[PDB]
$ cat structure_14.txt   # compact mmCIF, C-alpha atoms and all ligand atoms
# COMPACT_ATOMS: atom_id res chain seq x y z
CA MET A 24 106.93 90.82 -11.14
CA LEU A 25 104.06 90.39 -8.67
CA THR A 26 105.69 92.11 -5.68
CA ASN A 27 104.25 95.47 -4.60
CA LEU A 28 102.04 95.90 -7.65
CA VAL A 29 100.26 98.58 -5.58
CA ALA A 30 102.23 100.90 -3.31
CA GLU A 31 100.95 101.45 0.24
CA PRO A 32 101.93 104.13 2.82
CA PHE A 33 103.94 101.92 5.16
CA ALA A 34 106.60 104.62 5.58
CA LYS A 35 104.12 107.17 6.96
CA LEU A 36 102.68 104.52 9.32
CA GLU A 37 106.08 103.59 10.77
CA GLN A 38 107.06 107.25 11.05
CA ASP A 39 103.89 107.99 13.03
CA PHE A 40 104.70 104.94 15.17
CA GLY A 41 108.26 106.19 15.73
CA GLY A 42 110.01 103.01 14.68
CA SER A 43 110.27 100.36 12.00
CA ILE A 44 107.54 98.11 10.61
CA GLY A 45 108.28 94.94 8.65
CA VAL A 46 105.55 93.35 6.51
CA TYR A 47 105.39 90.39 4.17
CA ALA A 48 102.07 89.18 2.83
CA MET A 49 101.51 86.45 0.26
CA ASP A 50 98.39 85.72 -1.79
CA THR A 51 98.72 81.96 -2.08
CA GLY A 52 96.51 81.87 -5.18
CA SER A 53 98.32 84.21 -7.56
CA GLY A 54 101.66 84.42 -5.76
CA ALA A 55 101.39 88.21 -5.51
CA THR A 56 103.13 89.73 -2.49
CA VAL A 57 103.32 92.90 -0.44
CA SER A 59 106.76 93.52 1.04
CA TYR A 60 108.08 96.32 3.25
CA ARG A 61 111.34 95.88 5.22
CA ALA A 62 110.55 92.20 4.69
CA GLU A 63 114.15 90.92 4.84
CA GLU A 64 115.19 92.90 7.91
CA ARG A 65 115.55 91.06 11.19
CA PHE A 66 113.06 91.69 13.98
CA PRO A 67 112.87 90.02 17.41
CA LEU A 68 110.55 87.02 17.47
CA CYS A 69 109.38 87.55 21.06
CA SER A 70 106.51 85.17 21.85
CA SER A 71 105.85 84.57 18.14
CA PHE A 72 108.49 81.81 18.28
CA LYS A 73 105.97 79.77 20.28
CA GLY A 74 103.90 79.08 17.17
CA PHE A 75 106.88 77.50 15.45
CA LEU A 76 107.68 75.71 18.72
CA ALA A 77 104.26 74.03 18.61
CA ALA A 78 104.79 73.09 14.96
CA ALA A 79 108.15 71.51 15.86
CA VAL A 80 106.44 69.49 18.61
CA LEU A 81 103.81 68.32 16.12
CA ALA A 82 106.57 67.32 13.69
CA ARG A 83 108.29 65.29 16.42
CA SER A 84 104.96 63.61 17.21
CA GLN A 85 104.93 62.15 13.68
CA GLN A 86 107.85 59.89 14.65
CA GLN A 87 107.05 59.59 18.41
CA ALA A 88 103.41 58.45 18.58
CA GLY A 89 101.91 59.28 21.95
CA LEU A 90 104.11 62.36 22.42
CA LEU A 91 101.11 64.71 22.46
CA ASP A 92 99.42 62.65 25.20
CA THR A 93 102.48 62.54 27.48
CA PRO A 94 101.74 64.05 30.92
CA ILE A 95 104.34 66.61 32.02
CA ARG A 96 104.70 67.44 35.70
CA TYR A 97 106.65 70.53 36.71
CA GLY A 98 107.73 72.36 39.82
CA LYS A 99 107.07 75.89 40.94
CA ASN A 100 110.59 76.74 39.70
CA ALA A 101 109.33 76.08 36.15
CA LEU A 102 106.83 78.92 36.36
CA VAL A 103 107.89 82.12 34.57
CA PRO A 104 106.11 85.51 34.71
CA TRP A 105 103.18 85.32 32.25
CA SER A 106 102.22 81.64 32.54
CA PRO A 107 98.43 82.07 32.67
CA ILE A 108 97.54 78.42 31.90
CA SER A 109 100.42 76.43 33.39
CA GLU A 110 100.07 78.20 36.75
CA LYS A 111 96.54 76.72 37.04
CA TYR A 112 97.86 73.16 36.57
CA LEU A 113 101.01 73.39 38.68
CA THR A 114 99.61 70.87 41.17
CA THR A 115 98.41 68.46 38.45
CA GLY A 116 100.65 68.71 35.38
CA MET A 117 99.56 69.10 31.74
CA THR A 118 99.98 67.07 28.57
CA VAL A 119 102.43 68.02 25.83
CA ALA A 120 99.45 68.92 23.62
CA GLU A 121 98.01 71.13 26.37
CA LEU A 122 101.38 72.84 26.86
CA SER A 123 101.58 73.41 23.10
CA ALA A 124 98.09 74.90 22.97
CA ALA A 125 98.88 77.10 25.98
CA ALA A 126 102.07 78.34 24.32
CA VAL A 127 100.23 79.16 21.07
CA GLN A 128 96.94 80.49 22.43
CA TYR A 129 98.04 82.29 25.61
CA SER A 130 101.79 82.76 24.96
CA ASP A 131 102.38 80.76 28.15
CA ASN A 132 106.04 81.20 29.11
CA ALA A 133 106.43 78.20 31.40
CA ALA A 134 104.85 75.98 28.75
CA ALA A 135 107.22 77.37 26.14
CA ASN A 136 110.31 76.60 28.24
CA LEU A 137 109.06 73.09 29.02
CA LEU A 138 108.51 72.39 25.32
CA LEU A 139 111.90 73.88 24.34
CA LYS A 140 113.44 71.31 26.79
CA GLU A 141 111.58 68.55 24.90
CA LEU A 142 113.16 69.69 21.60
CA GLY A 143 116.70 70.09 22.91
CA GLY A 144 116.55 73.83 23.51
CA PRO A 145 116.77 76.83 21.18
CA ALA A 146 119.18 75.01 18.84
CA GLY A 147 116.64 72.19 18.55
CA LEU A 148 113.89 74.56 17.44
CA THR A 149 116.34 76.25 15.06
CA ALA A 150 117.22 72.83 13.62
CA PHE A 151 113.53 72.14 12.95
CA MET A 152 113.21 75.45 11.10
CA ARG A 153 116.30 74.60 9.04
CA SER A 154 114.69 71.25 8.20
CA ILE A 155 111.76 73.01 6.50
CA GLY A 156 114.09 75.28 4.50
CA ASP A 157 114.10 78.37 6.73
CA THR A 158 117.68 79.68 6.84
CA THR A 159 116.81 82.99 8.54
CA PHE A 160 115.11 81.95 11.80
CA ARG A 161 117.29 81.72 14.86
CA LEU A 162 116.37 81.05 18.46
CA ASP A 163 119.26 81.48 20.85
CA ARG A 164 117.88 81.87 24.38
CA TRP A 165 115.01 80.82 26.66
CA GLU A 166 112.19 82.77 28.30
CA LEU A 167 112.53 85.44 29.50
CA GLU A 168 116.04 86.33 28.26
CA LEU A 169 115.02 86.05 24.59
CA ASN A 170 112.84 89.19 24.98
CA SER A 171 115.73 91.68 25.25
CA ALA A 172 115.09 92.97 21.69
CA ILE A 173 118.44 94.79 21.63
CA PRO A 174 118.89 96.98 18.50
CA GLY A 175 121.20 95.24 16.04
CA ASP A 176 121.21 91.94 17.95
CA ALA A 177 120.40 89.02 15.66
CA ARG A 178 119.76 86.59 18.53
CA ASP A 179 116.15 85.37 18.69
CA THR A 180 115.12 87.03 15.42
CA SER A 181 113.79 86.24 12.01
CA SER A 182 112.48 88.30 9.10
CA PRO A 183 108.84 88.93 8.15
CA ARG A 184 109.46 87.18 4.84
CA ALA A 185 110.95 84.02 6.40
CA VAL A 186 108.19 83.93 9.04
CA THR A 187 105.53 84.08 6.31
CA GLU A 188 107.27 81.53 4.10
CA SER A 189 107.64 79.07 6.98
CA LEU A 190 104.09 79.70 8.19
CA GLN A 191 102.80 78.87 4.70
CA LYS A 192 104.81 75.64 4.58
CA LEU A 193 103.47 74.52 7.97
CA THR A 194 99.79 75.54 7.64
CA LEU A 195 99.15 75.09 3.91
CA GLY A 196 102.11 73.17 2.45
CA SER A 197 103.65 69.79 3.17
CA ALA A 198 106.04 70.51 6.06
CA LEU A 199 103.69 68.68 8.46
CA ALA A 200 101.68 65.55 7.83
CA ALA A 201 98.00 66.25 7.19
CA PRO A 202 96.66 65.50 10.72
CA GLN A 203 99.42 67.55 12.36
CA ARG A 204 98.91 70.38 9.86
CA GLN A 205 95.22 70.69 10.76
CA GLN A 206 96.05 70.56 14.48
CA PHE A 207 98.52 73.42 14.03
CA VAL A 208 95.88 75.42 12.13
CA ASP A 209 93.31 74.67 14.85
CA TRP A 210 95.64 75.88 17.61
CA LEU A 211 96.31 79.10 15.67
CA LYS A 212 92.58 79.60 15.07
CA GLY A 213 91.98 79.34 18.83
CA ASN A 214 94.52 82.02 19.73
CA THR A 215 93.25 84.45 22.38
CA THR A 216 96.00 87.08 22.33
CA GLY A 217 95.54 88.63 18.89
CA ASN A 218 92.15 90.33 18.83
CA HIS A 219 93.67 93.81 18.43
CA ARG A 220 96.30 92.90 15.81
CA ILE A 221 95.89 91.20 12.40
CA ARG A 222 92.42 89.96 13.43
CA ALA A 223 91.26 93.58 13.85
CA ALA A 224 91.93 94.05 10.11
CA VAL A 225 90.16 90.82 9.08
CA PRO A 226 86.35 90.72 8.63
CA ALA A 227 84.56 88.58 11.19
CA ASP A 228 83.17 86.24 8.50
CA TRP A 229 86.68 85.06 7.45
CA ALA A 230 88.62 82.30 9.20
CA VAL A 231 91.96 83.31 10.69
CA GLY A 232 94.68 81.77 12.84
CA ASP A 233 97.47 83.87 14.31
CA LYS A 234 100.34 84.01 16.77
CA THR A 235 101.44 87.23 18.50
CA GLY A 236 104.51 88.39 20.36
CA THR A 237 105.28 91.29 22.70
CA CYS A 238 108.85 91.73 23.96
CA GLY A 239 107.99 94.55 26.38
CA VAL A 240 110.88 96.83 25.32
CA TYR A 241 112.06 98.72 22.24
CA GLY A 242 108.52 99.08 20.89
CA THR A 243 108.84 95.47 19.77
CA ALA A 244 105.72 93.43 19.04
CA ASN A 245 104.40 91.36 16.19
CA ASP A 246 101.77 89.01 14.79
CA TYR A 247 101.64 86.48 11.97
CA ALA A 248 98.56 84.89 10.53
CA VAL A 249 96.92 82.71 7.94
CA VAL A 250 93.69 84.27 6.71
CA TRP A 251 90.98 82.56 4.64
CA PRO A 252 88.94 85.24 2.83
CA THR A 254 85.77 83.64 1.53
CA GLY A 255 85.75 82.70 -2.14
CA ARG A 256 89.51 83.00 -2.77
CA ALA A 257 92.83 81.46 -1.80
CA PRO A 258 94.25 82.04 1.69
CA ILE A 259 96.62 84.87 2.56
CA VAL A 260 99.68 84.40 4.77
CA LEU A 261 101.22 87.46 6.38
CA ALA A 262 103.59 88.68 9.05
CA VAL A 263 103.79 92.11 10.70
CA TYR A 264 106.75 92.88 12.97
CA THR A 265 107.66 96.12 14.72
CA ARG A 266 110.53 97.59 16.68
CA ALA A 267 111.68 101.04 17.75
CA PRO A 268 115.04 102.61 18.62
CA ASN A 269 114.59 103.40 22.33
CA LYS A 270 114.25 100.87 25.13
CA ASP A 271 111.25 102.68 26.63
CA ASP A 272 109.39 103.07 23.30
CA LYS A 273 105.87 101.65 23.55
CA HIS A 274 104.59 98.96 21.21
CA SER A 275 101.31 99.57 19.40
CA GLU A 276 98.65 97.01 18.56
CA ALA A 277 96.83 99.58 16.41
CA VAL A 278 99.92 99.99 14.23
CA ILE A 279 100.03 96.23 13.65
CA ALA A 280 96.33 96.19 12.69
CA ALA A 281 96.88 99.18 10.39
CA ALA A 282 99.83 97.52 8.65
CA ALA A 283 97.75 94.38 8.14
CA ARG A 284 95.01 96.49 6.56
CA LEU A 285 97.53 98.05 4.18
CA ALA A 286 98.86 94.60 3.27
CA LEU A 287 95.38 93.33 2.41
CA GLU A 288 94.71 96.48 0.39
CA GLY A 289 98.01 96.05 -1.45
CA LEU A 290 97.01 92.51 -2.40
CA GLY A 291 93.62 93.67 -3.71
CA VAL A 292 91.77 91.70 -1.04
CA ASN A 293 88.49 93.48 -0.33
CA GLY A 294 88.06 93.60 3.44
CA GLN A 295 86.80 96.07 6.03
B1 LIG A 301 105.75 87.11 24.61
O1 LIG A 301 106.75 87.76 23.90
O2 LIG A 301 104.53 87.79 24.31
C1 LIG A 301 103.29 87.47 24.98
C2 LIG A 301 102.22 88.41 24.55
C3 LIG A 301 101.86 88.23 23.06
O3 LIG A 301 101.69 87.14 22.62
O4 LIG A 301 101.74 89.32 22.41
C4 LIG A 301 103.54 87.55 26.48
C5 LIG A 301 104.70 86.62 26.89
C6 LIG A 301 106.02 87.02 26.18
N1 LIG A 301 106.40 88.34 26.74
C7 LIG A 301 106.93 88.58 27.91
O5 LIG A 301 107.14 87.66 28.67
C8 LIG A 301 107.13 90.02 28.28
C9 LIG A 301 105.76 90.66 28.37
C10 LIG A 301 105.32 91.80 27.56
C11 LIG A 301 103.89 92.08 27.92
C12 LIG A 301 103.38 91.25 28.80
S1 LIG A 301 104.44 90.06 29.34
$ encode --input "structure_14.txt" --output "structure tokens" --more "lines below"
Ligand SMILES: *[B@@]1([O])O[C]([C]C([O])=O)[C][C][C]1[N]C(=O)[C]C1=[C][C]=[C]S1
Amino acid sequence: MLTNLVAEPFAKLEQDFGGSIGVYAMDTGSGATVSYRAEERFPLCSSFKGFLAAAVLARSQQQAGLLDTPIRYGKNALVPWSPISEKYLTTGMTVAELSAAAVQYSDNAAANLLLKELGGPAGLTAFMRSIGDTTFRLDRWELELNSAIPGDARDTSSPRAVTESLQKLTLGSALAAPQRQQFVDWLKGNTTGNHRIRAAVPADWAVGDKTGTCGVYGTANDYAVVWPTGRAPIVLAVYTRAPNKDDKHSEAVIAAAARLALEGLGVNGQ
């Protein structure tokens, strides 16, 4: 009834990109949605790290002091693209600091350390099942989860399930109130997304996001909660892939798809 009330040229955008774009956007006030390839699977890439941090926050509700726990690690724990954890190799970091690094810098070593805390990819998947997400699956660790192989369901979800779970965690009741605001605050402090959904969002609106870039198969993504002033928040997810291993990802295409999603919802923006 309220899905795709206004058609938007997503097909032309993905054809110009040379791949596939998946979009799901939800106006949490009216329930209206924009949906394009929204139930297809796309690789999560580093976007799983947002849900990883939420799963850590959920575990901290039953294990008080978890966030403050100092974690030491060896050089063998470093993974290419660990921009924060490499600076604390000789000191260690807290669980909360690792979580913030995973969310805000996509830190790979931090992500693997936190996955170990949860019992691995199946532990994160179990958390997602516990909030009602039956689509999400994490199967591997960094960096193997970035292979983005066409047709491979490992380490994928759908734009719709990403958006639905993001809404539950940032705006609904999946986390207790203090943990919910901490998750929002980590997303708001993200540093990796300035050229993606944020580039479609006016500077005077609040926004938290989590990006991912697999590095192959034109595969990259971003999901976000956006608070336009004077109306209810919008939750959205934009995922891309492409058929050839050497196909380039495009941040501009992600920003453009986000613009179309906001336009389709009737949200006056840029
Ligand atoms: B992850 O999938 O994405 C991060 C970048 C982001 O958030 O958009 C970087 C770490 C992960 N990616 C990889 O390890 C492979 C890389 C692709 C580009 C730079 S590192």
$ residues_around --input "structure_14.txt" --residues "residue A:223" --least-positions-apart "5" --cutoff "9 Å" --atoms "only C-alpha atoms" --output "PyMOL selection string"
chain A and resi 217-218+277+280-281+283-284
$ residues_near_ligand --input "structure_14.txt" --ligand "ligand LIG 301 (chain A)" --cutoff "10 Å" --atoms "only C-alpha atoms and all ligand atoms" --output "number ranges by chain"
A: 67-74, 103-107, 126-133, 135, 166-171, 214-217, 220, 233-240, 243-246, 274, 276
$ closest_residue --input "structure_14.txt" --among "A:162, A:286, A:224, A:108" --to "residue A:31" --atoms "only C-alpha atoms"
A:286
$ atom_distance --input "structure_14.txt" --atom1 "atom CA of residue A:225" --atom2 "atom CA of residue A:249"
10.6 Å
$ atom_distance --input "structure_14.txt" --atom1 "atom CA of residue A:275" --atom2 "atom CA of residue A:158"
28.7 Å
$ closest_residue --input "structure_14.txt" --among "A:86, A:251, A:124, A:91" --to "residue A:211" --atoms "only C-alpha atoms"
A:124
$ residues_around --input "structure_14.txt" --residues "stretch 187-190 of chain A" --least-positions-apart "3" --cutoff "10 Å" --atoms "all atoms listed in the file" --output "PyMOL selection string"
chain A and resi 46-49+62+74-75+78+152-153+155-157+160+182-184+193-196+198+233+247-249+259-263
$ residues_near_point --input "structure_14.txt" --point "(99.7, 87.2, -1.7)" --cutoff "10 Å" --atoms "all atoms listed in the file" --output "PyMOL selection string"
chain A and resi 25-27+47-57+59+257-261+286-287+289-292
$ closest_residue --input "structure_14.txt" --among "A:114, A:250, A:140, A:203" --to "residue A:88" --atoms "all atoms listed in the file"
A:203
$ residues_around --input "structure_14.txt" --residues "stretch 41-45 of chain A" --least-positions-apart "2" --cutoff "9 Å" --atoms "all atoms listed in the file" --output "number ranges by chain"
A: 33-34, 36-39, 47, 59-66, 182-184, 241-242, 262-269, 272, 278-279, 282
$ atom_distance --input "structure_14.txt" --atom1 "atom CA of residue A:148" --atom2 "atom CA of residue A:121"
18.5 Å
$ axis_aligned_box --input "structure_14.txt" --around "stretch 187-191 of chain A" --padding-each-side "8 Å" --output "AutoDock Vina command-line options"
--center_x 105.2 --center_y 81.5 --center_z 6.1 --size_x 20.8 --size_y 21.2 --size_z 20.1
$ closest_residue --input "structure_14.txt" --among "A:101, A:30, A:191, A:119" --to "residue A:89" --atoms "only C-alpha atoms"
A:119
$ decode --input "structure_14.txt" --residues "stretch 122-247 of chain A" --atoms "C-alpha atoms" --output "CSV table (one decimal), in the first residue's frame"
chain,number,residue,atom,x,y,z
A,122,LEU,CA,37.4,-1.8,19.9
A,123,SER,CA,33.7,-1.5,19.2
A,124,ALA,CA,34.0,2.2,18.4
A,125,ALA,CA,37.0,1.5,16.1
A,126,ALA,CA,35.1,-1.3,14.3
A,127,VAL,CA,32.1,1.0,13.7
A,128,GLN,CA,33.8,4.3,13.1
A,129,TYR,CA,37.0,3.3,11.2
A,130,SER,CA,36.0,-0.3,10.0
A,131,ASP,CA,39.0,-1.5,12.0
A,132,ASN,CA,39.6,-5.1,10.9
A,133,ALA,CA,41.7,-6.3,13.9
A,134,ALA,CA,39.1,-4.9,16.2
A,135,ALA,CA,36.3,-6.7,14.4
A,136,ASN,CA,38.1,-10.0,14.6
A,137,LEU,CA,38.8,-9.5,18.3
A,138,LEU,CA,35.1,-8.7,19.0
A,139,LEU,CA,33.9,-11.7,16.9
A,140,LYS,CA,36.1,-13.9,19.2
A,141,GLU,CA,34.2,-12.4,22.2
A,142,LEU,CA,30.9,-13.4,20.7
A,143,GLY,CA,31.8,-16.9,19.7
A,144,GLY,CA,32.6,-16.1,16.0
A,145,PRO,CA,30.4,-15.6,13.0
A,146,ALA,CA,27.8,-18.0,14.3
A,147,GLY,CA,27.6,-16.0,17.5
A,148,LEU,CA,26.9,-12.8,15.6
A,149,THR,CA,24.4,-14.6,13.4
A,150,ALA,CA,22.7,-15.9,16.6
A,151,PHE,CA,22.3,-12.4,17.9
A,152,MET,CA,20.7,-11.3,14.7
A,153,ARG,CA,18.3,-14.2,14.9
A,154,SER,CA,17.5,-13.1,18.4
A,155,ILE,CA,16.1,-9.8,17.2
A,156,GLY,CA,14.0,-11.4,14.5
A,157,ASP,CA,16.4,-11.1,11.5
A,158,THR,CA,16.2,-14.4,9.6
A,159,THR,CA,18.2,-13.2,6.5
A,160,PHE,CA,21.5,-12.0,8.0
A,161,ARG,CA,24.4,-14.5,7.9
A,162,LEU,CA,28.0,-14.1,8.8
A,163,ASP,CA,30.1,-17.1,8.0
A,164,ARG,CA,33.8,-16.1,7.9
A,165,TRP,CA,36.3,-13.7,9.6
A,166,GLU,CA,38.3,-10.8,8.2
A,167,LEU,CA,39.6,-10.8,5.6
A,168,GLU,CA,38.0,-13.9,4.0
A,169,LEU,CA,34.5,-12.6,4.4
A,170,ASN,CA,35.2,-9.9,1.7
A,171,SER,CA,35.3,-12.3,-1.3
A,172,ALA,CA,31.9,-11.1,-2.5
A,173,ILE,CA,31.6,-14.0,-5.0
A,174,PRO,CA,28.6,-13.8,-7.3
A,175,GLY,CA,25.8,-16.1,-6.1
A,176,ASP,CA,27.6,-16.9,-2.8
A,177,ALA,CA,25.2,-16.4,0.2
A,178,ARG,CA,28.0,-16.5,2.8
A,179,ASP,CA,28.5,-13.2,4.6
A,180,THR,CA,25.4,-11.5,3.1
A,181,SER,CA,22.1,-10.0,4.0
A,182,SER,CA,19.4,-8.0,2.1
A,183,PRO,CA,18.9,-4.3,2.1
A,184,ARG,CA,15.5,-4.8,3.6
A,185,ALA,CA,16.7,-7.0,6.5
A,186,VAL,CA,19.6,-4.6,7.2
A,187,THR,CA,17.1,-1.7,7.4
A,188,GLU,CA,14.6,-3.6,9.6
A,189,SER,CA,17.3,-4.7,12.0
A,190,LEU,CA,18.9,-1.3,12.1
A,191,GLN,CA,15.5,0.2,13.0
A,192,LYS,CA,15.1,-2.3,15.8
A,193,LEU,CA,18.5,-1.6,17.3
A,194,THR,CA,18.6,2.2,16.9
A,195,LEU,CA,14.9,3.2,17.4
A,196,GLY,CA,13.1,0.1,18.7
A,197,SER,CA,13.5,-2.1,21.7
A,198,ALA,CA,16.2,-4.6,20.7
A,199,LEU,CA,18.7,-2.9,23.0
A,200,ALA,CA,18.1,-1.4,26.4
A,201,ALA,CA,17.9,2.4,26.4
A,202,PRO,CA,21.5,3.2,27.5
A,203,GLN,CA,22.9,0.7,25.0
A,204,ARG,CA,20.6,2.0,22.2
A,205,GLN,CA,21.9,5.5,22.6
A,206,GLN,CA,25.5,4.3,22.7
A,207,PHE,CA,25.0,2.4,19.4
A,208,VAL,CA,23.4,5.6,17.9
A,209,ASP,CA,26.4,7.7,19.2
A,210,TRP,CA,28.9,5.3,17.7
A,211,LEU,CA,27.1,5.4,14.3
A,212,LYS,CA,26.9,9.2,14.5
A,213,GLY,CA,30.7,9.4,15.0
A,214,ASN,CA,31.5,7.3,11.9
A,215,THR,CA,34.4,8.7,9.8
A,216,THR,CA,34.2,6.5,6.7
A,217,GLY,CA,30.9,7.5,5.2
A,218,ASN,CA,31.2,11.2,4.1
A,219,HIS,CA,30.9,10.3,0.4
A,220,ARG,CA,27.9,7.9,0.8
A,221,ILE,CA,24.5,8.4,2.4
A,222,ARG,CA,25.8,11.4,4.3
A,223,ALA,CA,26.5,13.1,1.0
A,224,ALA,CA,22.8,13.0,0.3
A,225,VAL,CA,21.8,14.2,3.7
A,226,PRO,CA,21.7,18.0,4.5
A,227,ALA,CA,24.3,19.1,7.0
A,228,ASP,CA,21.6,20.3,9.5
A,229,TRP,CA,20.2,16.8,10.0
A,230,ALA,CA,21.6,14.2,12.4
A,231,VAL,CA,22.8,11.0,10.8
A,232,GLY,CA,24.6,7.8,11.9
A,233,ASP,CA,25.9,5.3,9.4
A,234,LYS,CA,28.0,2.3,8.8
A,235,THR,CA,29.8,1.6,5.5
A,236,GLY,CA,31.4,-1.4,3.8
A,237,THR,CA,33.8,-1.9,0.9
A,238,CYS,CA,34.7,-5.5,-0.1
A,239,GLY,CA,37.4,-4.4,-2.7
A,240,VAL,CA,36.2,-6.7,-5.5
A,241,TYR,CA,33.1,-7.2,-7.6
A,242,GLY,CA,32.1,-3.5,-7.4
A,243,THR,CA,30.8,-4.3,-3.9
A,244,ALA,CA,30.2,-1.6,-1.4
A,245,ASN,CA,27.4,-0.4,0.8
A,246,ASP,CA,26.2,2.0,3.6
A,247,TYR,CA,23.3,1.9,6.0
